[PDB]
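Number 162 marks the last residue of the sequence shown (PDB author numbering); no jumps.
Reviewing the structure listed below.
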Amino acid sequence: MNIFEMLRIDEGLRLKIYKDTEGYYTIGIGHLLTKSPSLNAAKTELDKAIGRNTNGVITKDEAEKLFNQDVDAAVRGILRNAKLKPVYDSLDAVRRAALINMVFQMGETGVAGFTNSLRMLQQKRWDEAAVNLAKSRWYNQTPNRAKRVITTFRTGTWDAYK
Ligand SMILES: [Cl-]
Ligand SMILES: [Cl-]
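See the structure below:
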């Protein structure tokens, strides 16, 4: 298992514009297009992201290309963030994947807001960080996915995904 297979399981794959769990226009493997309510504003962002007139539909190769860029961006945002970087540097390979997953889903700013949990992860207090991470809107809104990420932090294995 690796970050790509992990996020592919969590996000799924859709080749036509769809609405995410929050009602936002998305496409491919969890690629958010816009928070705007307008489907047209979504097709406009989509065409600009792909470089062609898509009419709201993309190919599997186009989805995977957006995915590769989004994973790269999440990793680079972690490495540039003064709050995230030190946590990331401190973790083992598996747990690093979990942090990437959270950043991919809620953005660097969102994750950097989990001040207490981050401190607990850096200290390697696994059980405590898992309890703290669950007291969140994140956990309450997407509980199955959150439990999977939290178990990954707790155990340091890919068990929740196998
Ligand atoms: Cl883009
Ligand atoms: Cl869920």
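Think of the CB as a built atom: it goes at the ideal place given N, C-alpha and C, for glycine as much as any other residue.
query                                                                                                                                                              : result
May I ask you to check if the CB of residue 26 is nearer than 7 Å to at least one heavy atom of ligand 2?                                                          : no
Which one of 99, 89, 66 has the shortest CA to CA distance from residue 50?                                                                                        : 66
Between 64, 98, 109, 57, which lies nearest to residue 18 when the distance is taken from Cα to Cα?                                                                : 57
If you count every other CB in all the chains shown that lies within 10 Å of the CB of residue 154, and 16 or more means buried, which is it?                      : buried
Leaving out five residues on either side along the sequence, give the residues of the same chain with a beta carbon under 8 Å from the beta carbon of residue 112. : 81, 83, 84, 118
What does the Cβ neighbour count give for residue 22, buried or exposed, with the cut at 16 atoms within 10 Å?                                                     : exposed
Is residue 8 near ligand 2, judged by its Cβ being under 7 Å from some heavy atom?                                                                                 : no
Is the separation between the beta-carbon of residue 128 and that of residue 77 shorter than 8 Å?                                                                  : no
Please determine whether the Cβ atom of residue 49 lies at a distance below 7 Å from any heavy atom of ligand 1.                                                   : yes
Can you give me the Cβ contacts of residue 42 inside the same chain, cut-off strictly under 6 Å, excluding the 5 residues immediately before and after it?         : 17, 25, 33, 34
Considering only residues of the same chain and omitting the five flanking positions on each side of residue 74, which have a CB-CB separation below 6 Å?          : 100, 103, 104
Ignoring anything shorter than 4 residues or poking outside the region 19-57, list the alpha helix (DSSP H) runs there in chain order.                             : 39-50
Please determine, among 110, 106, 151, the residue with the shortest C-alpha to C-alpha distance to residue 126.                                                   : 151
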